[PDB]
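Source file: start-v4.cif. Holds: mmCIF, C-alpha atoms.
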```
data_work
#
loop_
_atom_site.label_atom_id
_atom_site.label_comp_id
_atom_site.auth_asym_id
_atom_site.auth_seq_id
_atom_site.Cartn_x
_atom_site.Cartn_y
_atom_site.Cartn_z
CA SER W 1 23.78 8.78 -8.85
CA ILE W 2 20.23 9.56 -9.93
CA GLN W 3 17.48 9.89 -7.37
CA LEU W 4 14.21 11.62 -6.55
CA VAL W 5 13.57 12.33 -2.91
CA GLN W 6 10.11 13.43 -1.84
CA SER W 7 8.88 15.12 1.32
CA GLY W 8 7.26 13.10 4.13
CA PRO W 9 3.65 12.08 4.91
CA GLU W 10 0.96 14.70 5.52
CA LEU W 11 -2.31 14.89 7.41
CA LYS W 12 -4.73 17.64 6.51
CA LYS W 13 -8.40 18.59 7.04
CA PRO W 14 -10.93 19.01 4.17
CA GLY W 15 -10.75 22.42 2.52
CA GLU W 16 -7.12 22.98 3.42
CA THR W 17 -4.17 23.15 1.00
CA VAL W 18 -1.05 21.05 0.78
CA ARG W 19 2.32 21.07 -0.95
CA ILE W 20 4.46 18.02 -1.77
CA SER W 21 8.16 18.19 -2.75
CA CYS W 22 10.31 16.23 -5.15
CA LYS W 23 14.03 16.87 -5.00
CA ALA W 24 15.99 15.51 -7.96
CA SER W 25 19.73 14.67 -7.93
CA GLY W 26 22.37 13.22 -10.25
CA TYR W 27 21.34 14.73 -13.57
CA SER W 28 20.51 17.95 -15.41
CA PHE W 29 17.23 18.91 -13.74
CA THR W 30 15.93 21.23 -16.47
CA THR W 31 16.35 18.63 -19.21
CA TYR W 32 13.74 16.10 -18.00
CA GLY W 33 10.15 17.05 -17.41
CA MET W 34 8.75 16.05 -14.05
CA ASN W 35 5.68 13.80 -13.94
CA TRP W 36 3.14 13.28 -11.20
CA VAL W 37 1.20 10.13 -10.41
CA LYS W 38 -1.57 9.62 -7.91
CA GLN W 39 -2.38 6.31 -6.24
CA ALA W 40 -5.37 6.20 -3.89
CA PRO W 41 -5.17 3.37 -1.31
CA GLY W 42 -5.90 0.02 -2.93
CA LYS W 43 -6.58 1.75 -6.28
CA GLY W 44 -4.75 2.09 -9.61
CA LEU W 45 -2.21 4.71 -10.75
CA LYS W 46 -3.52 7.98 -12.10
CA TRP W 47 -1.16 10.06 -14.25
CA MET W 48 -1.76 13.65 -13.18
CA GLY W 49 0.33 15.28 -15.89
CA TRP W 50 3.76 16.85 -16.09
CA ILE W 51 5.72 20.08 -15.88
CA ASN W 52 8.40 21.36 -18.27
CA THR W 53 11.48 21.86 -16.14
CA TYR W 54 12.96 24.58 -18.34
CA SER W 55 10.04 26.84 -19.24
CA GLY W 56 8.01 26.05 -16.11
CA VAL W 57 4.93 25.21 -18.18
CA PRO W 58 2.60 22.61 -16.66
CA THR W 59 0.49 20.11 -18.58
CA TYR W 60 -2.49 18.73 -16.63
CA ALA W 61 -4.28 15.42 -17.28
CA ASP W 62 -8.05 15.90 -17.76
CA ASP W 63 -9.10 14.74 -14.25
CA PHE W 64 -6.61 17.14 -12.64
CA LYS W 65 -7.58 20.50 -14.02
CA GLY W 66 -8.65 22.97 -11.35
CA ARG W 67 -7.40 22.29 -7.82
CA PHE W 68 -3.96 20.99 -8.74
CA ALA W 69 -0.75 22.89 -9.50
CA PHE W 70 2.76 21.89 -10.53
CA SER W 71 5.63 24.20 -9.65
CA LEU W 72 9.38 24.26 -9.40
CA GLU W 73 12.56 25.97 -8.22
CA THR W 74 15.14 24.84 -10.78
CA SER W 75 18.19 26.10 -8.96
CA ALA W 76 17.21 23.73 -6.11
CA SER W 77 16.37 20.94 -8.61
CA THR W 78 13.00 20.66 -6.87
CA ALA W 79 9.49 20.11 -8.23
CA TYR W 80 6.28 20.65 -6.25
CA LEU W 81 2.71 19.47 -6.28
CA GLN W 82 0.05 21.63 -4.64
CA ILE W 83 -3.51 20.49 -4.00
CA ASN W 84 -6.13 23.09 -3.00
CA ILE W 85 -9.54 22.71 -1.28
CA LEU W 86 -8.61 19.27 0.05
CA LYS W 87 -11.18 16.48 0.23
CA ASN W 88 -11.27 12.89 1.41
CA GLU W 89 -10.76 11.58 -2.10
CA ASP W 90 -7.39 13.39 -2.20
CA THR W 91 -6.25 10.70 0.26
CA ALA W 92 -3.49 8.97 -1.71
CA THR W 93 0.20 8.36 -2.13
CA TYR W 94 1.72 10.76 -4.67
CA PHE W 95 4.74 10.02 -6.80
CA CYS W 96 6.91 12.20 -8.94
CA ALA W 97 8.73 10.53 -11.78
CA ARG W 98 11.24 11.03 -14.52
CA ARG W 99 10.80 9.71 -18.00
CA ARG W 100 13.41 8.89 -20.60
CA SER W 101 12.41 9.18 -24.27
CA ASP W 102 14.48 8.55 -27.45
CA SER W 105 12.81 3.36 -25.83
CA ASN W 106 10.29 5.14 -23.56
CA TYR W 107 9.40 4.64 -19.90
CA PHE W 108 9.46 6.02 -16.39
CA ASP W 109 13.08 5.43 -15.40
CA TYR W 110 13.15 7.06 -11.93
CA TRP W 111 10.58 7.57 -9.15
CA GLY W 112 10.23 9.48 -5.90
CA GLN W 113 9.59 7.19 -2.92
CA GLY W 114 6.09 8.68 -2.80
CA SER W 115 4.42 10.94 -0.26
CA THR W 116 1.34 9.74 1.58
CA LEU W 117 -1.44 12.25 2.06
CA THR W 118 -4.31 11.71 4.48
CA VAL W 119 -7.27 14.07 4.40
CA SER W 120 -9.69 13.61 7.28
CA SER W 121 -12.04 15.55 9.53
CA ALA W 122 -10.98 13.34 12.45
CA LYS W 123 -8.94 14.83 15.30
CA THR W 124 -5.67 13.25 16.51
CA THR W 125 -6.49 10.90 19.41
CA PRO W 126 -4.44 8.69 21.75
CA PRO W 127 -5.43 5.01 22.14
CA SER W 128 -7.00 3.46 25.18
CA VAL W 129 -4.87 0.36 25.89
CA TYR W 130 -6.44 -2.78 27.39
CA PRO W 131 -4.56 -5.90 28.57
CA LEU W 132 -6.05 -9.13 27.21
CA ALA W 133 -5.59 -12.07 29.58
CA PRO W 134 -6.85 -15.51 28.62
CA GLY W 135 -10.32 -16.45 29.85
CA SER W 136 -9.13 -19.58 31.65
CA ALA W 137 -6.02 -20.99 33.32
CA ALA W 138 -3.77 -22.95 30.95
CA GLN W 139 -3.93 -26.22 32.95
CA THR W 140 -1.72 -28.56 30.91
CA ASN W 141 -1.38 -26.60 27.63
CA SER W 142 2.32 -25.94 26.79
CA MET W 143 1.64 -22.42 25.58
CA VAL W 144 -0.37 -19.44 26.46
CA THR W 145 -1.42 -16.47 24.34
CA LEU W 146 -1.64 -12.94 25.74
CA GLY W 147 -2.88 -9.80 24.07
CA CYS W 148 -3.23 -6.02 24.04
CA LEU W 149 -6.19 -4.06 22.74
CA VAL W 150 -5.30 -0.67 21.23
CA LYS W 151 -8.58 1.16 20.82
CA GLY W 152 -9.91 4.34 19.22
CA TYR W 153 -6.76 6.07 18.01
CA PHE W 154 -6.06 8.46 15.15
CA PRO W 155 -4.24 8.67 12.90
CA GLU W 156 -2.22 5.61 11.96
CA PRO W 157 0.10 4.18 13.05
CA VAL W 158 0.81 2.80 16.49
CA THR W 159 3.63 0.42 17.39
CA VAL W 160 3.38 -2.39 19.95
CA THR W 161 6.31 -4.18 21.55
CA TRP W 162 6.37 -6.91 24.16
CA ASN W 163 8.65 -6.57 27.19
CA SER W 164 10.38 -3.59 25.54
CA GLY W 165 11.27 -5.68 22.52
CA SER W 166 12.63 -8.60 24.57
CA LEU W 167 9.84 -10.93 23.49
CA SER W 168 9.96 -11.07 19.68
CA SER W 169 9.06 -14.54 18.49
CA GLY W 170 5.43 -15.47 19.00
CA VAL W 171 4.44 -11.81 18.55
CA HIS W 172 1.65 -11.01 16.08
CA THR W 173 0.39 -7.48 15.57
CA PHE W 174 -2.83 -7.53 13.57
CA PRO W 175 -3.73 -4.80 11.06
CA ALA W 176 -6.10 -2.07 12.37
CA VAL W 177 -9.80 -1.68 11.55
CA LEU W 178 -12.13 1.35 11.53
CA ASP W 181 -14.62 6.33 13.29
CA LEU W 182 -11.18 5.75 14.84
CA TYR W 183 -8.59 3.01 14.54
CA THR W 184 -8.45 -0.12 16.68
CA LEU W 185 -5.94 -2.96 16.51
CA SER W 186 -4.65 -5.85 18.59
CA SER W 187 -1.28 -7.49 19.36
CA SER W 188 -0.78 -11.02 20.64
CA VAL W 189 2.19 -12.91 21.98
CA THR W 190 2.43 -16.63 22.57
CA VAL W 191 4.71 -17.83 25.37
CA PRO W 192 5.29 -21.11 27.25
CA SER W 193 2.83 -21.61 30.13
CA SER W 194 5.98 -22.15 32.23
CA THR W 195 6.81 -18.46 31.45
CA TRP W 196 3.56 -16.61 32.25
CA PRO W 197 2.21 -15.80 34.67
CA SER W 198 5.33 -16.88 36.63
CA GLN W 199 7.30 -14.13 34.80
CA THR W 200 6.10 -10.63 34.01
CA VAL W 201 4.72 -9.89 30.51
CA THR W 202 4.08 -6.30 29.48
CA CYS W 203 2.95 -4.77 26.21
CA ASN W 204 4.44 -1.42 25.16
CA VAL W 205 2.18 0.76 23.03
CA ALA W 206 3.54 3.84 21.21
CA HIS W 207 1.33 6.33 19.30
CA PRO W 208 3.77 9.14 18.24
CA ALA W 209 1.20 11.43 16.63
CA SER W 210 -0.12 11.98 20.16
CA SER W 211 3.27 11.33 21.79
CA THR W 212 1.88 8.53 23.92
CA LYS W 213 3.87 5.64 25.37
CA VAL W 214 1.85 3.20 27.49
CA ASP W 215 2.89 0.01 29.25
CA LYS W 216 0.14 -2.46 30.15
CA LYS W 217 1.08 -5.57 32.13
CA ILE W 218 -0.92 -8.75 31.63
CA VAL W 219 -2.27 -10.23 34.87
CA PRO W 220 -4.46 -13.34 35.23
CA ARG W 221 -8.10 -12.38 35.39
CA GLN B 1 -10.80 6.99 -25.31
CA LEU B 2 -7.38 5.43 -24.69
CA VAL B 3 -7.86 2.58 -22.20
CA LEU B 4 -5.83 -0.34 -20.85
CA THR B 5 -7.66 -3.38 -19.48
CA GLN B 6 -6.05 -5.65 -16.91
CA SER B 7 -7.04 -8.82 -15.14
CA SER B 8 -6.87 -7.33 -11.59
CA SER B 9 -5.85 -10.34 -9.47
CA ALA B 10 -4.29 -13.74 -9.99
CA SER B 11 -2.52 -16.31 -7.85
CA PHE B 12 -0.13 -19.01 -9.03
CA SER B 13 1.54 -22.08 -7.64
CA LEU B 14 5.29 -21.89 -7.17
CA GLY B 15 6.92 -23.00 -10.43
CA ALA B 16 3.91 -22.41 -12.68
CA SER B 17 3.91 -20.41 -15.91
CA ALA B 18 2.14 -17.12 -15.31
CA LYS B 19 0.74 -14.98 -18.10
CA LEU B 20 -0.77 -11.58 -17.57
CA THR B 21 -2.82 -9.68 -20.07
CA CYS B 22 -2.94 -5.99 -20.89
CA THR B 23 -5.46 -5.18 -23.56
CA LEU B 24 -5.38 -1.94 -25.52
CA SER B 25 -8.51 -0.07 -26.60
CA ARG B 26 -9.26 -0.94 -30.23
CA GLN B 27 -8.28 2.41 -31.74
CA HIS B 28 -4.83 1.93 -30.21
CA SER B 29 -4.24 -1.76 -31.02
CA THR B 30 -0.82 -0.91 -32.52
CA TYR B 31 0.60 0.85 -29.47
CA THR B 32 3.75 0.05 -27.61
CA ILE B 33 3.13 -0.33 -23.86
CA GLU B 34 5.21 -0.32 -20.71
CA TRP B 35 5.18 -2.92 -17.98
CA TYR B 36 5.89 -1.97 -14.39
CA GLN B 37 5.92 -3.88 -11.14
CA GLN B 38 5.11 -2.42 -7.74
CA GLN B 39 6.08 -3.81 -4.32
CA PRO B 40 3.81 -3.01 -1.35
CA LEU B 41 5.36 0.20 0.02
CA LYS B 42 7.36 1.43 -2.94
CA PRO B 43 7.19 3.17 -6.35
CA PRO B 44 6.50 1.08 -9.46
CA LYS B 45 9.64 -0.27 -11.15
CA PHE B 46 10.11 -0.54 -14.93
CA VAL B 47 10.00 -4.11 -16.25
CA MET B 48 9.78 -3.96 -20.03
CA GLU B 49 8.54 -2.09 -23.04
CA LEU B 50 6.44 -4.31 -25.32
CA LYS B 51 5.79 -3.58 -28.98
CA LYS B 52 2.82 -4.66 -31.10
CA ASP B 53 5.00 -7.33 -32.80
CA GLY B 54 6.05 -8.80 -29.46
CA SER B 55 9.53 -7.32 -29.51
CA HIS B 56 10.39 -6.17 -26.03
CA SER B 57 13.30 -4.59 -24.16
CA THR B 58 13.59 -5.37 -20.49
CA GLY B 59 14.84 -3.18 -17.68
CA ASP B 60 17.91 -4.14 -15.70
CA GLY B 61 17.83 -6.59 -12.81
CA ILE B 62 14.96 -8.31 -14.62
CA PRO B 63 15.32 -12.14 -14.86
CA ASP B 64 15.29 -14.15 -18.09
CA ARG B 65 12.09 -15.81 -16.84
CA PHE B 66 10.26 -12.61 -17.74
CA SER B 67 9.20 -12.30 -21.37
CA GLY B 68 6.71 -10.38 -23.47
CA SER B 69 4.56 -11.00 -26.54
CA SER B 70 1.60 -9.52 -28.35
CA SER B 71 -1.43 -10.40 -30.46
CA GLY B 72 -3.80 -7.82 -31.87
CA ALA B 73 -4.52 -5.36 -29.06
CA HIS B 74 -3.32 -7.76 -26.38
CA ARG B 75 0.09 -7.41 -24.69
CA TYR B 76 1.31 -10.33 -22.62
CA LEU B 77 3.79 -10.60 -19.81
CA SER B 78 4.87 -14.19 -19.23
CA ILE B 79 6.71 -15.26 -16.09
CA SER B 80 7.99 -18.83 -16.46
CA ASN B 81 8.96 -20.81 -13.34
CA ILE B 82 7.42 -18.21 -11.03
CA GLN B 83 9.04 -17.30 -7.71
CA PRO B 84 7.95 -15.72 -4.39
CA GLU B 85 10.04 -12.65 -5.31
CA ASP B 86 7.96 -12.24 -8.48
CA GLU B 87 5.03 -11.28 -6.31
CA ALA B 88 4.10 -7.72 -7.24
CA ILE B 89 1.26 -5.69 -8.62
CA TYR B 90 1.94 -5.66 -12.35
CA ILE B 91 0.80 -2.54 -14.17
CA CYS B 92 0.84 -1.61 -17.79
CA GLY B 93 1.02 1.92 -19.07
CA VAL B 94 0.84 3.64 -22.42
CA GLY B 95 1.69 7.14 -23.64
CA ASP B 96 0.31 9.00 -26.63
CA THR B 97 0.53 12.48 -28.11
CA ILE B 98 -2.73 14.07 -29.22
CA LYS B 99 -3.03 17.66 -30.48
CA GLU B 100 0.55 18.28 -29.36
CA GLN B 101 -0.17 17.20 -25.80
CA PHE B 102 1.36 14.10 -24.23
CA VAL B 103 -1.09 11.79 -22.39
CA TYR B 104 -0.35 8.75 -20.28
CA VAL B 105 -2.66 6.03 -18.93
CA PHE B 106 -2.11 3.18 -16.50
CA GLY B 107 -4.13 -0.01 -16.36
CA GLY B 108 -5.68 -0.83 -12.97
CA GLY B 109 -2.91 -3.33 -12.27
CA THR B 110 -2.96 -7.08 -11.66
CA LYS B 111 -2.03 -8.26 -8.18
CA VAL B 112 0.08 -11.41 -8.57
CA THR B 113 0.61 -13.77 -5.60
CA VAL B 114 2.42 -17.09 -5.25
CA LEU B 115 0.92 -20.07 -3.38
CA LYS B 119 -2.93 -25.32 2.73
CA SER B 120 -3.28 -24.26 6.39
CA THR B 121 -6.50 -24.12 8.43
CA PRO B 122 -6.81 -21.03 10.66
CA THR B 123 -6.20 -20.99 14.40
CA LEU B 124 -8.44 -18.78 16.52
CA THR B 125 -7.66 -16.87 19.70
CA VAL B 126 -10.54 -15.15 21.49
CA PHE B 127 -10.41 -12.64 24.29
CA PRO B 128 -13.04 -11.51 26.76
CA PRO B 129 -13.21 -7.78 27.54
CA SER B 130 -10.84 -6.48 30.24
CA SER B 131 -11.83 -5.34 33.74
CA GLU B 132 -10.62 -1.86 32.83
CA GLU B 133 -12.78 -1.67 29.71
CA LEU B 134 -15.76 -2.95 31.66
CA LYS B 135 -15.41 -0.14 34.23
CA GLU B 136 -15.76 2.17 31.24
CA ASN B 137 -19.04 0.32 30.50
CA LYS B 138 -17.84 -0.77 27.04
CA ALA B 139 -16.98 -4.33 25.96
CA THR B 140 -14.92 -5.39 22.95
CA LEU B 141 -14.73 -9.03 21.96
CA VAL B 142 -11.52 -9.89 20.15
CA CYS B 143 -11.13 -12.64 17.59
CA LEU B 144 -7.61 -13.21 16.29
CA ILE B 145 -7.21 -15.41 13.25
CA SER B 146 -3.86 -16.78 12.28
CA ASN B 147 -1.88 -19.45 10.50
CA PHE B 148 -4.10 -19.82 7.48
CA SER B 149 -3.59 -20.16 3.75
CA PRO B 150 -4.99 -19.20 1.45
CA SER B 151 -6.23 -15.73 2.39
CA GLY B 152 -10.01 -15.82 1.93
CA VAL B 153 -11.89 -15.88 5.22
CA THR B 154 -15.35 -14.92 6.38
CA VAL B 155 -16.10 -14.08 10.00
CA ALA B 156 -19.45 -14.03 11.77
CA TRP B 157 -20.47 -13.45 15.39
CA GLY B 167 -21.47 -4.39 16.10
CA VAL B 168 -18.74 -6.04 14.06
CA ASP B 169 -15.61 -4.95 12.25
CA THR B 170 -13.24 -7.41 10.64
CA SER B 171 -9.90 -6.64 9.06
CA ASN B 172 -8.64 -7.86 5.72
CA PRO B 173 -5.93 -10.54 5.63
CA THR B 174 -2.24 -9.61 5.44
CA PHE B 180 -1.92 -15.03 6.68
CA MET B 181 -3.58 -13.25 9.63
CA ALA B 182 -6.75 -11.22 10.31
CA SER B 183 -8.76 -9.74 13.19
CA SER B 184 -12.39 -9.29 14.15
CA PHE B 185 -13.97 -7.17 16.87
CA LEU B 186 -17.45 -7.34 18.31
CA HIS B 187 -18.26 -4.25 20.38
CA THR B 200 -18.78 -17.19 19.74
CA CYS B 201 -16.40 -16.22 16.91
CA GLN B 202 -17.05 -18.12 13.67
CA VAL B 203 -14.51 -18.36 10.85
CA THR B 204 -15.20 -20.02 7.52
CA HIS B 205 -12.18 -20.89 5.39
CA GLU B 206 -12.50 -23.15 2.31
CA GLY B 207 -15.31 -24.65 4.39
#
```

Kindly present the structure from the file in structure tokens form.
Amino acid sequence: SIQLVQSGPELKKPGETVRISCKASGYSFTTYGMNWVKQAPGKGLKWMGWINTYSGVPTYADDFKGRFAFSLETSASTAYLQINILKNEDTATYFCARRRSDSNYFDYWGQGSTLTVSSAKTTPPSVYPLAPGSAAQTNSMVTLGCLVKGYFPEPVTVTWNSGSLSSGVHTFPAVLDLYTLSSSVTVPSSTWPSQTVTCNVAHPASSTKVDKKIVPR
Amino acid sequence: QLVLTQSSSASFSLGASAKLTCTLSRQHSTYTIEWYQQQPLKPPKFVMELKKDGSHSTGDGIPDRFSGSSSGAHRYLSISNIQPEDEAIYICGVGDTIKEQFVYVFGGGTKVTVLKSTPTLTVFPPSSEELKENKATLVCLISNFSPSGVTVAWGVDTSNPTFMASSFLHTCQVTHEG
């Protein structure tokens, strides 16, 4: 059946160039023009234009004349978007899409490719165990945390006891010139510190895997 | 100047009649528009095509609850008996051909949510380890609250809600409906 499969996420520096792919399947590739749509994070969809899949001729929307280029290799049913002289504002998710027109609408979409353009260098997190400030006394529960500080780019993953603790786990979204986030887990006070509780932090982009065990303070 | 104007954000109570507005620029008041809906980490999905007379054709896997209508330059999407699964960003679009060139424009989208819990706070002192490094980060975790709006006051950075939210000072005070 019909689908559009796009290449994976990309991280580039300002001034560089990038190419995004859109592989179509399940239909006659040269019959339907390929459209491109930009969506900056939190923002609205910007139609970038479209390319004729038979003649190769691209049609650019007004705000995308200059640094943008649509291309294709029809025998591979694949369309491409190239962006030159990258800048921070190019940070977006990009979609390719097919349109039917006899009724008119975008009937099929790529899953999107996420582009990040930043001057920041890839950086592993410092991980800090967060123990409570006081002993639990007679509270039934206790809440432990991990601080994942100054990493780039997104994302990291945190598990607790190698995935063994799952309920009571809350990983909060990261803030900003690097990323920092925090994970918390809530467990019975009859469980910790009597039993061992360890947070597992993975930041693939730097190939880091860190275990930090929570000890009373 | 072909332009679509949308109402940006709206919440509704479960069961309520929702009604979103997409307003065409006046020179284009007769245009047919397209509705789409977009889930958080996903491409927009076609919902319906709405004509100036209110006639609409819906995409497939689109409930009977969804309906369209029009009046002048306004195009309306109405979601009766709204459901948690109806949560989406709803976006209208419109195509036109001018001087033998096709042009398409999307509205800015309207984030629709479906809807009381007072937040719980967890605060952490800095670690020994961090202190050796001569830095100190205070951590304020905020959880178990609805609805989403919160303000946090204590070198501060505070996340947005996703409810839950986080604040870091490099006392934590959270205001929520009071």

Requested in this report: With a cut-off of 6 Å and counting all atoms listed in the file, select all residues of chain W in contact with chain B and give the selection as a VMD selection string.
Outcome: chain W and resid 44 to 45 113 177

Requested in this report: Identify, on the basis of all atoms listed in the file, every residue whose closest approach to residue 88 (chain B) does not exceed 7 Å; exclude the query and any residue fewer than 3 positions from it along the same chain; express the result as a ChimeraX atom specification.
Outcome: /B:37-39,111-112

Query raised in the report: Taking the file as shown, what set of residues would the PyMOL selection byres ((chain W and resi 82) around 8) give back, as a ChimeraX atom specification?
Result: /W:17-20,68-71,80-81,83-84

Which residues, protein or nucleic acid, reach to within 12 Å of (5.9, -10.1, 28.3) in the file's coordinates when using all atoms listed in the file, and can you give that as an mmCIF file with C-alpha atoms, in the coordinates of the input?
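Result file is point-v8.cif:
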```cif
data_model
loop_
_atom_site.group_PDB
_atom_site.id
_atom_site.type_symbol
_atom_site.label_atom_id
_atom_site.label_comp_id
_atom_site.auth_asym_id
_atom_site.auth_seq_id
_atom_site.Cartn_x
_atom_site.Cartn_y
_atom_site.Cartn_z
ATOM 1 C CA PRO W 131 -4.560 -5.900 28.570
ATOM 2 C CA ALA W 133 -5.590 -12.070 29.580
ATOM 3 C CA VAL W 144 -0.370 -19.440 26.460
ATOM 4 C CA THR W 145 -1.420 -16.470 24.340
ATOM 5 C CA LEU W 146 -1.640 -12.940 25.740
ATOM 6 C CA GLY W 147 -2.880 -9.800 24.070
ATOM 7 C CA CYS W 148 -3.230 -6.020 24.040
ATOM 8 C CA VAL W 160 3.380 -2.390 19.950
ATOM 9 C CA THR W 161 6.310 -4.180 21.550
ATOM 10 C CA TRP W 162 6.370 -6.910 24.160
ATOM 11 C CA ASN W 163 8.650 -6.570 27.190
ATOM 12 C CA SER W 164 10.380 -3.590 25.540
ATOM 13 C CA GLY W 165 11.270 -5.680 22.520
ATOM 14 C CA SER W 166 12.630 -8.600 24.570
ATOM 15 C CA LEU W 167 9.840 -10.930 23.490
ATOM 16 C CA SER W 168 9.960 -11.070 19.680
ATOM 17 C CA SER W 169 9.060 -14.540 18.490
ATOM 18 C CA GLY W 170 5.430 -15.470 19.000
ATOM 19 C CA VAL W 171 4.440 -11.810 18.550
ATOM 20 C CA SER W 187 -1.280 -7.490 19.360
ATOM 21 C CA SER W 188 -0.780 -11.020 20.640
ATOM 22 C CA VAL W 189 2.190 -12.910 21.980
ATOM 23 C CA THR W 190 2.430 -16.630 22.570
ATOM 24 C CA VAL W 191 4.710 -17.830 25.370
ATOM 25 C CA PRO W 192 5.290 -21.110 27.250
ATOM 26 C CA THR W 195 6.810 -18.460 31.450
ATOM 27 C CA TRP W 196 3.560 -16.610 32.250
ATOM 28 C CA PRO W 197 2.210 -15.800 34.670
ATOM 29 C CA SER W 198 5.330 -16.880 36.630
ATOM 30 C CA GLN W 199 7.300 -14.130 34.800
ATOM 31 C CA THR W 200 6.100 -10.630 34.010
ATOM 32 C CA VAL W 201 4.720 -9.890 30.510
ATOM 33 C CA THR W 202 4.080 -6.300 29.480
ATOM 34 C CA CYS W 203 2.950 -4.770 26.210
ATOM 35 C CA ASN W 204 4.440 -1.420 25.160
ATOM 36 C CA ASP W 215 2.890 0.010 29.250
ATOM 37 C CA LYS W 216 0.140 -2.460 30.150
ATOM 38 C CA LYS W 217 1.080 -5.570 32.130
ATOM 39 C CA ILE W 218 -0.920 -8.750 31.630
ATOM 40 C CA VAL W 219 -2.270 -10.230 34.870
#
```

With the file shown as input, list the residues that the PyMOL selection byres ((chain B and resi 68) around 8) selects, as an mmCIF file with C-alpha atoms, in the frame of the given file.
```
data_model
loop_
_atom_site.group_PDB
_atom_site.id
_atom_site.type_symbol
_atom_site.label_atom_id
_atom_site.label_comp_id
_atom_site.auth_asym_id
_atom_site.auth_seq_id
_atom_site.Cartn_x
_atom_site.Cartn_y
_atom_site.Cartn_z
ATOM 1 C CA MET B 48 9.780 -3.960 -20.030
ATOM 2 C CA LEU B 50 6.440 -4.310 -25.320
ATOM 3 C CA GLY B 54 6.050 -8.800 -29.460
ATOM 4 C CA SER B 55 9.530 -7.320 -29.510
ATOM 5 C CA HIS B 56 10.390 -6.170 -26.030
ATOM 6 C CA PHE B 66 10.260 -12.610 -17.740
ATOM 7 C CA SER B 67 9.200 -12.300 -21.370
ATOM 8 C CA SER B 69 4.560 -11.000 -26.540
ATOM 9 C CA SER B 70 1.600 -9.520 -28.350
ATOM 10 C CA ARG B 75 0.090 -7.410 -24.690
ATOM 11 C CA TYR B 76 1.310 -10.330 -22.620
ATOM 12 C CA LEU B 77 3.790 -10.600 -19.810
ATOM 13 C CA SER B 78 4.870 -14.190 -19.230
#
```

Report task. Step by step, work through what the PyMOL selection byres ((chain W and resi 79) around 12) selects in the shown file, and finish by giving those residues as a ChimeraX atom specification. Result -> /W:4-7,19-25,29-30,32-36,50-54,56,58,69-78,80-82,95-98,112

Query raised in the report: Between B:24, B:168, B:3, B:139, which has the minimum distance to residue 130 (chain W) (counting all atoms listed in the file)?
Result: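 Comparing B:24, B:168, B:3, B:139 against residue 130 (chain W), the winner is B:139.
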
Query raised in the report: Quick one: distance from CA of residue 64 (chain W) to CA of residue 25 (chain B) in Å, one decimal?
Result: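 Here the two named atoms are 22.2 Å from each other.
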
For region 43-54 of chain W, supply N, CA and C atoms and format the output as a compact mmCIF listing (two decimals), keeping the file's coordinate frame.
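The resulting file, selection_34.txt, is reproduced below:
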```txt
# COMPACT_ATOMS: atom_id res chain seq x y z
N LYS W 43 -6.17 1.44 -4.90
CA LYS W 43 -6.58 1.75 -6.28
C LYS W 43 -5.43 1.74 -7.30
N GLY W 44 -5.75 2.09 -8.55
CA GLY W 44 -4.75 2.09 -9.61
C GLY W 44 -4.07 3.45 -9.78
N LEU W 45 -3.00 3.49 -10.56
CA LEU W 45 -2.21 4.71 -10.75
C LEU W 45 -2.90 5.68 -11.69
N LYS W 46 -2.99 6.92 -11.26
CA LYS W 46 -3.52 7.98 -12.10
C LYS W 46 -2.42 9.00 -12.45
N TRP W 47 -2.09 9.07 -13.74
CA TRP W 47 -1.16 10.06 -14.25
C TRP W 47 -1.79 11.44 -14.18
N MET W 48 -1.16 12.35 -13.43
CA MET W 48 -1.76 13.65 -13.18
C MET W 48 -1.33 14.67 -14.22
N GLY W 49 -0.25 14.35 -14.94
CA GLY W 49 0.33 15.28 -15.89
C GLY W 49 1.81 15.50 -15.65
N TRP W 50 2.34 16.59 -16.18
CA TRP W 50 3.76 16.85 -16.09
C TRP W 50 4.11 18.33 -16.26
N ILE W 51 5.28 18.70 -15.76
CA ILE W 51 5.72 20.08 -15.88
C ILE W 51 7.05 20.15 -16.62
N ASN W 52 7.15 21.11 -17.53
CA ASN W 52 8.40 21.36 -18.27
C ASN W 52 9.39 22.02 -17.32
N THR W 53 10.54 21.39 -17.15
CA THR W 53 11.48 21.86 -16.14
C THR W 53 12.35 23.03 -16.60
N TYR W 54 12.21 23.45 -17.85
CA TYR W 54 12.96 24.58 -18.34
C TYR W 54 12.08 25.82 -18.46
```
